[PDB]
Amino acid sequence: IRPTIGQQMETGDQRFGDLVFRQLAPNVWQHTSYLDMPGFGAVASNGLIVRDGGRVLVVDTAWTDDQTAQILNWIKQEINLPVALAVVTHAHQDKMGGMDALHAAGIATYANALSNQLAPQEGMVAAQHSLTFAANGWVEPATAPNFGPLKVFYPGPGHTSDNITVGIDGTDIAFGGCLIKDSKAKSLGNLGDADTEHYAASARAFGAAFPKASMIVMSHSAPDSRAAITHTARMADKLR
């Protein structure tokens, strides 16, 4: 697997069917799935798997149901603990394309209320539960029951108006999804649904929400330093 967009395979990557898994911490793995483009090649998308004692938590689906069912099969084989819930980080196919596989498995799914409202318009199935957010971006705790180490933060509109992010408490990892691009990126990716006015502030708000996270995970590049945040914000400064 050699994607046109997204990180390549490296030492420490485990191939499992059509997907790639990489351990990031004792209890955190990155899942990677690929959508092949007629004429362009494969585009990688990354999410996370977190072990929290006797249960597993997932951030983001794969691009498709079948790929997402493979994530669940990898969890069964390598961890052998139940998936308690999944959080999906906005209403686009790379993050929510496999909702039906989670539902078929009986996994409780959560997304920003706005993501659930946009899902029908975006060709997605809504999560079964809605997260809501305070005026400073922090999730309302009663809407995120029993989330363990997942600390959900809405940084403001950027890549989309509904994009959310997730810090992993008890680790130095934070997940920026499609909002954050890596420190070497040349572009901000698909800006078709983006808020170019507010993007820079939203990227910086993510950094300030998780100020001690040193490993920044993102949808389409390998985990990076905090320069992913600062570089994304610098590129976004140019859009205003």
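Just so we're on the same page, rigid core means the largest C-alpha set that superposes within 1.5 Å between forms. We number the residues from 1 along the sequence you see.
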property: Higher-deviation segment by CA RMS in 6 other deposited structures of this protein, core fitted, 66-74 or 185-193; result: 185-193
property: Entries skipping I173: at least a third of other ones; result: no
property: At least a third of other PDB entries omit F40; result: yes
property: Higher-B stretch (mean Cα B-factor, as the entry records it), 174-182 or 30-38; result: 30-38
property: Between 151-159 and 120-128 (mean CA B-factor, as deposited), the higher; result: 120-128
property: Member of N112, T165, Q93, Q77 with the greatest C-alpha B factor (per the PDB record); result: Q77
property: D66 - Cα temperature factor, lowest/middle/highest third of chain; result: highest
property: For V217, the third of its chain into which the C-alpha B factor falls; result: lowest
property: Third assignment of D193 from its chain's C-alpha B-factors; result: highest
property: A86 CA temperature factor, ranked by third within the chain; result: lowest
property: Ranked against its chain, the third holding the CA B-factor of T143; result: middle
